[PDB]
RNA sequence: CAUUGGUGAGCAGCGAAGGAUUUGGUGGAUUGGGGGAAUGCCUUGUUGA
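Shown next, in the form of structure tokens:
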């Protein structure tokens, strides 16, 4: 529907809170993490971006499952059987209830709903790829047990399903639908269950910190573990020979407990945010001492046991809160800097791996109001200036080392940092305080170099030309400050009707647009020191606006859900993009290809595609709520007879001229009376006011090959009648040479003079 | 300027080893090179795309049936997808390893990969966009084999697979699991290694060849089996089949060898049409026309970089050279023509703006160190290490003189006067510069004034002052046409290799003994000194040039980029060349002021000044609508229509508002235009003139505009000199074209009176 | 032989095998031109044409005679033409191995160019241009 | 006479309940000539079986 951009992809998503799946990849494993209406498939040992869902679901996926080479996605009444991200099959359950948990064993599919009804599916053949046929329906009445917590299956339990409830544990014979075992009423509500690699024993983690080692054959406890003040969220067992216990908590802590020696080994302290659920799923590797933890904080972590406390191995994560301010880190369109209000500092890759890395602050830094980035001085010194909320200093950063700088930048006027800027050469930083002072520092040595004070209110945007000559500024007292960078002279100032909130500057055209409080966009030519453009139509405040790299477009993002493309050669709005999740940041790529938009909801970054293969479009607003090759070809260094007889009776040589001008260098063709009608074609060709460049060729080849046939040794025959019809308009064609003598002679004179 | 500067063309067609393929149209030529990918046409050769994501040096390219799906394959073995204009719509990481064979389906539906020791079939999507993490979906796999697939043939049905591998077996696979003839029948019985297997399009004949030049044809019969059609036993060729291809006419074979020849064969007769040997350098790749009219073949990097087009009736259609690395460039007095200097000892002529190589000159005993013209155009010159320096003509084919007379093996630098009267040459190890006459070649006086070796020789447009840079921390000024010599200035730092001059005789730039670049006047007052060279993959200052507009300089070292500066202190741009393993050795500017030069091991030439980027010359949006106000100014007020038209920079507007107005209004508008709207349209009109066929049209424009302010543009030179060049080249090129046909049509009627 | 490799500290034995063939190219060429009658001006001129090249090549440092072509042409004359061998002679360096390591970590500048190749060959006349860093 | 080299003591300022210096492993990203025969060989002829 949009006339420039198309929704392209979202970068910055790892997890959402759904417990991950794990499956077999030959000998290693794969991990299925959820995004929402999308999921992601990763390596176990190396965590490479392997696969993704090729098509979005109608709603968010509730439960994830991983069979040997298959991924089973649970939503509204449908489960997608996928392989390698590709939809191989889709079951629709015969209900309107919502699917909660799944279980797969032998030849079975277990599909639990929120109405305590489970649909059991069976394979037609045991060598089939998947169950597809409705076998039976079981219903759990309230007199049989509580609400179903999970669906599990222990060792040696053929045709028997473990359905754990809030009140008791149920054991079914799914070949018959019979409940072969019911357990007693349990005092504590069960939140987490886990299969054991030992026979007939299931773990039952309660709502409080109690682990119930529960026998399934006899139906009794042997052991329970009392944890003071914890809600058990995830449980996993070390299956490399050592019998241990991991206890996920809602706090984000992970409790390492030893089973045989009866001791608490360790606890990981707040590796996931308790506000985002804490540890949603924690799973050891089968035969390896590596546990992988997930949370609702857009991250996943990995931990190893070095043969002992665990060791932090590697992790892949993003911002836990939706992004606030971003910047393209390179013109090669590979890296970016992203900063959100979760006090995190991430830097993203844009290639097929799409990897990420959080910047090193080496308890977080306060959240960020402004960014300043360049690409000329990576590795040589610091290249990032960050403006934090409620701080009187700025923080420098190195993109090369991914590590914080050595220089904090005090405003020296008792005011908070409100606008940061950098020079294109990467030498000087420009900061504008909340009191109005703008200091120039040296990015190599961190020194005070220069200080200005003209604004009496907070400085909201600072820039400089790429020639490092004229420095522009905008303040809340309506002031637009024009400085010389070489001197300290006030070159100019302009006063507007509204205070200015942001300054974005186009360097290679020396224009800068300004978001004002009067809902207008003031684009300014800097060399004139003149307000030149102003844009109207935005009903609400604009927070993000950026220049097209060719300087022709400005797409802006406003609070009234308007993302409008603005064409500068006409000064009007040519496109408006009306969304439901409004973009907090719109950022033009250095190449003319992509767009970086961060939104209100969603921790990832939607990238938008300008098609850029064509356009001539100009439609409007508000909607839904050669020439030398032939003459060079003339010299040689080493049918149509219908048409001449049709033109023999009439004026029909435009078609023959079309065949000659189409193809066929006709020195060989015109060799195979008729030449009189050819001269008739020459006069009709001279009748038009075009193609005389071909006419010169035709008359020339007429002289060359058949000039003896023209000669005929006794002239003034009927040939000289048609030639007499030729020379008189040849004299009309003799005018053109003196014009060329004028042009070449005057150009030669001014060449001399 | 403020333009984007990049290569939409290059220097040299094929410098590294690559494949070869035509288009489906037959009027386009796909000519790859080892590092990047460029697409050509038949007439008016232009570099179309630039696919560069390679870190290893090989490339494979083919289109499906309509030329919109284009790939390249390096040794890394991943896929890039561009439409027509190097967009990189899809960046599909395919593998870590390379691929031996790869082929589309002829219906454009399926896709064929041969790697490892297996077979991989992938989905071919239509004309679309990105948004795909994996746009390629597996259709089928076919397993197993014994080892890696060496060659591949398909079917017109797109359901049959006839292939061969290193295991001397021609295996068979069904595409859509149809099991065509229910078998995977391998064809064997070969005495030597099978180089090529090709399936005939009649569904009847089975073509096989082995490396001994023996051809075996088998039948489509699966008593009831595939029997023999024909056998061969050649033991007299003593060669190896390097490349083999089959014709769509299904009648001929074209065989390329390691021996440096190319042999023609007929399939039912098994006869030699003709063999063509041109040397010992082998033919690497070969491509066939889709109807088989023209015959082209690729060759190795160590062999020939020379690819020749051919026919079925044995005559060459297109020839090309491009031997080893470029040492220097030289701009023609019209600038459209480009000569090359190389290590071989040859100088080659290249109108590479249209791709053509007309001729060359070859009299050298050793390599060439520099090339330079004379602005008269009558003569160009050779600066080589041959022991002499010889003079040359354009199209008359005569070495005028070889200038020498002392024992010398190394002639490094050179300078001439603009009059062409005297030529001075700087000897490297000998501390003497030698003058030579245009009359006979006389050595009148010898100039022993040096204590270090010379490094640059540059003469001014003022034509009174010779500038020289030597390797002794001393800059040298000289006068010949007066009565004496001038006291040479003393530099502060820096033995100088690279020197640059203004064509006014006032501004002079020196490269220091490091990455600092300092410029100064004729009164030796230093204007700028530019900071050292960055960019680790130690300092270089090897080449420098003062731009012809007089507002910029271009700096070149050898750290794989190029640097841009203006007359004030600052950097204009820095353009880095992305390449894996010195780069720059000669920099000068174009006389038409559209690009500049760069001599390298690779060879890359143009800098692409563009107009699609929006500019604001004279506050454009005071003229509010760019269309309706113009449509108002096409009825009335033709003076303001052009003043409004210059403030815009949309060429789809410029041709129409420039076209619409009548003839009589043209001298009036030429009379009343301001002088600040002038140089860009007088610059643009010369490049715009060469394309269109409205010559009398622009002719009446440039007579009035040229007659309008001749004294002012005579007062405002160094810009209207360049625009003057850009129009004068069009003037003489059309002029010599139309005068000849004017006289050859003129004499006819008097000859009619004769006899 | 073996100690000549040890004294000159050559990286490869095949590098010794290269220059023996390069000497062997000269030596049979020294033979065939010597197998001529003495009255030939072709013979007398072209011996001098070969000698005058090899002076500036640095193989014949001093001025030599006709019979020294059979004599003075050795592999070791080529082995002295290497870069660190020349470097040790003019006494800006200190040992043989010290001349090696400065080319290794890059402290030698020959004229305007930086050179770090260990197999660099030095002529008789270009040797004035080796500068420090 | 030179806050001249080294050594050691003390004070101002800067921080305050620790600071400074070094090293190891693990994890990720990124890269041949000249002569020669009795004698061996090659090639050709020859002798009979």
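Chains as they are written, first to last, in the entry's author numbering: chain BE, 20 to 326, 338 to 392, 409 to 671, 793 to 805, 816 to 849, 859 to 939; chain BA, 1 to 222, 245 to 559, 577 to 620, 679 to 852; chain MA, 29 to 161. Heads up, the beta-carbon is just placed ideally off N, CA and C, and yes, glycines get one too.
Contact of residue 603 (chain BA) with chain MA is not assigned, every C-beta pair being separated by 8 Å or more.
In terms of Cβ geometry, residue 614 (chain BA) and residue 600 (chain BA) form a close pair [threshold 8 Å]. By the Cβ neighbour-count rule, residue 179 (chain BE) is buried, with 16 or more other Cβ atoms within 10 Å of its own. Secondary structure in the region 460–523 of chain BA: the beta strand (DSSP E) runs of 3 residues or longer, each lying completely within the stretch, are 476–481, 488–492, 497–500, 521–523 in chain order. Identification of chain MA residues near residue 519 (chain BA) by a Cβ-Cβ cut-off of 9 Å yields 140, ordered along the chain. Here residue 869 (chain BE) carries a helix assignment [DSSP, helix/strand/coil].
By the CB criterion at 8 Å, residue 705 (chain BA) and residue 6 (chain BA) fall inside the cutoff.
A Cβ of chain BA is located within less than 8 Å of the beta carbon of residue 514 (chain BE). With a threshold of 8 Å between beta carbons, residue 842 (chain BA) makes contact with chain BE. Between residue 424 (chain BE) and residue 446 (chain BE), the gap from beta carbon to beta carbon is short of 8 Å. Assignment of residue 423 (chain BA) by DSSP, reduced to helix, strand and coil, places it in the coil class.
Taken through DSSP and simplified to helix, strand or coil, residue 845 (chain BE) comes out as coil. An exposed status is given to residue 306 (chain BE), since fewer than 16 other beta-carbon atoms sit within 10 Å of its beta-carbon.
For residue 376 (chain BE), there is no enclosing alpha helix (DSSP H); the residue is part of the beta strand (DSSP E) that begins and ends at 375–379.
Beyond the five residues adjoining it in sequence on each side, residue 31 (chain BE) comes within less than 6 Å, by CB distance, of 348, 649, 650, 651 in the same chain, given in chain order. Boundaries of the beta strand (DSSP E) harbouring residue 312 (chain BE): 307–314, taken from the DSSP string.
If you draw a straight line from the Cα of residue 919 (chain BE) to the Cα of residue 341 (chain BA), it is about 39 Å long. Spanning the alpha carbons of residue 33 (chain MA) and residue 287 (chain BA) requires a straight line of approximately 57 Å.
Taking C-beta atoms as the reference points, residue 93 (chain BE) and residue 118 (chain BE) count as a pair closer than 8 Å. With respect to chain BA, the C-beta atom of residue 616 (chain BE) has a partner C-beta closer than 8 Å.
Beta-bridge pairing by DSSP links residue 579 (chain BE) to BE:569. The beta carbon of residue 78 (chain BA) is closer than 6 Å to those of 93, 94 in its chain, skipping five residues each way along the sequence.
Between residue 504 (chain BA) and residue 476 (chain BA), the C-beta gap is not smaller than 8 Å, which leaves the two residues out of contact. Here DSSP, grouped into helix, strand and coil, assigns residue 115 (chain MA) to helix. Less than 8 Å divides the Cβ of residue 118 (chain BA) from the Cβ of residue 145 (chain BA). Looking only at BE:574, BE:609, BE:889, the smallest Cα-Cα distance to residue 717 (chain BA) is reached by BE:574. Rounded to the nearest whole angstrom, the CA to CA distance from residue 780 (chain BA) to residue 613 (chain BE) is 27 Å. Check the Cα spacing between residue 325 (chain BE) and each of BE:361, BE:312, BE:57, BE:259: the tightest is with BE:259.
Residue 764 (chain BA) is outside the set of residues whose beta carbon lies under 8 Å from a beta carbon in chain BE. Looking only at BA:289, BA:559, BA:686, the smallest Cα-Cα distance to residue 593 (chain BA) is reached by BA:686.
Taking 8 Å as the cut-off, the beta carbon of residue 372 (chain BA) is found no closer than this to the beta carbon of residue 390 (chain BA). Per DSSP, reduced to three states, the secondary structure at residue 93 (chain BE) is strand. Linking residue 495 (chain BE) to residue 521 (chain BE) through their CA atoms gives a straight-line distance of about 22 Å. In this structure, DSSP gives residue 296 (chain BA) an extended state, which the three-state scheme calls strand. Between residue 80 (chain BE) and residue 131 (chain BE), the CB-CB gap reaches or exceeds 8 Å. The C-beta of residue 419 (chain BE) has 16 or more other C-beta atoms within 10 Å across all chains shown, which makes the residue buried.
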